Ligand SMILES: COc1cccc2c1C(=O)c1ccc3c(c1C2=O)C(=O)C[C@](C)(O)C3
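Presented as structure tokens, the chain that follows is alone, the form solved without this ligand.
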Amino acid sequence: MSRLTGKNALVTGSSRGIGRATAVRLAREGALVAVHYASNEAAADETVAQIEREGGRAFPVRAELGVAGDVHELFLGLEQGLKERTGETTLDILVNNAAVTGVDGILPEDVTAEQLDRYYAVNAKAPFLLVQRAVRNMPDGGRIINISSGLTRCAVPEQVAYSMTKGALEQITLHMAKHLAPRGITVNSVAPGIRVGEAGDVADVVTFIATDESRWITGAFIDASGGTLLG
């Protein structure tokens, strides 16, 4: 119940869905959580208010992703918030959760170069550059958790553009796990699915991976699909 006391976590895209449920659960474990958002401040403030009502600690951090200066702006807000609350800029846990999505999907014949650019800029390139920046603040024993998708393993034509970016995200997991092993920083992919579930079901898996007891899991693909990947 209090496995992350004194750790600092950044959850990208934590104003809603899996990001919100993950911020909530890390904060219940004692983590100070930076609740990153692009522009919905009301939803970010809802996440922070939920955390504070449950007795935890969190603050909102604003940064549009996939645009010039995004990593710099996010880390300026993050470092200022961490320094005010902890006296340090230490980042123990990074969750790459933020993503451009299209729930109604795009037929492959209608995908534009500009859509391919936007999906890539947020869902693959930003996470790579956030990892690169994060490890400058991350001590030995740190955690990087990449939220992927069961779509990397289950063909859905109308989600080809999103799935491409998650294929690229998973390569960050494989290659950076090997790179960061000597520092004892783990890198893992958690794959949600595409019985009624909630965002909390996946967030409980992310929370476990953020703890000390996951130390022997790195470079892994963690199927949190509720068995939807089974066939």
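All residue numbers are counted from 1 along the displayed sequence. Heads up, when I say rigid core I mean the largest set of C-alphas that superpose within 1.5 Å between the two forms. Only residues modelled in both forms are compared.
For residue 102, the fraction of other compared entries lacking coordinates, among those that model flanking residues, reaches at least a third.
According to the PDB entry, the deposited sequence runs on from residue 181 to residue 182 with no residue lacking coordinates between them.
Stretches 113 to 121 and 100 to 108 differ in mean C-alpha B factor, with the higher average recorded for 100 to 108.
Stretch comparison (139 to 147 versus 67 to 75) by mean CA B-factor in the PDB entry places 67 to 75 on top.
Between the residues 44, 32, 51, 205, it is 44 that shows the highest Cα B-factor in the PDB record. Across 187, 168, 27, 194, the entry's maximum B-factor at the CA atom is seen for 194.
Per the PDB record, residue ranking by Cα B-factor puts residue 176 in the middle third of the chain. Annotation for residue 61: CA B-factor lies in the middle third of the chain's modelled residues.
Omitted here: the form deposited with this ligand bound. The next part is about that form.
With the site C-alphas superimposed, the ligand pose in the deposited complex sets this ligand onto this chain such that three or more atoms are within 2.4 Å of backbone or C-beta atoms; a blocked site results. Proximity to this ligand in the deposited complex, defined as a heavy atom within 4.5 Å, singles out one entry of 135, 111, 71, 151, which is 151. This chain appears without its partner; in the deposited complex, the one residue of 76, 156, 116, 129 with a heavy atom within 4.5 Å of this ligand is 156.
Only one segment in the set 24 to 32, 159 to 167, 173 to 181, 51 to 59 has residues whose heavy atoms sit within 4.5 Å of this ligand in the deposited complex; it is 159 to 167. The closest heavy atom approach of residue 101 to this ligand in the deposited complex falls within 4.5 Å.
Contacts of stretch 210 to 231 with this ligand in the deposited complex, defined by any heavy atom lying within 4.5 Å, are made by 228, 229, listed in sequence order. Regions that shift between this form and the one not shown, defined as runs of three or more consecutive residues whose CA atoms all move by 2 angstroms or more after core superposition, reduce to a single one, 195 to 197.
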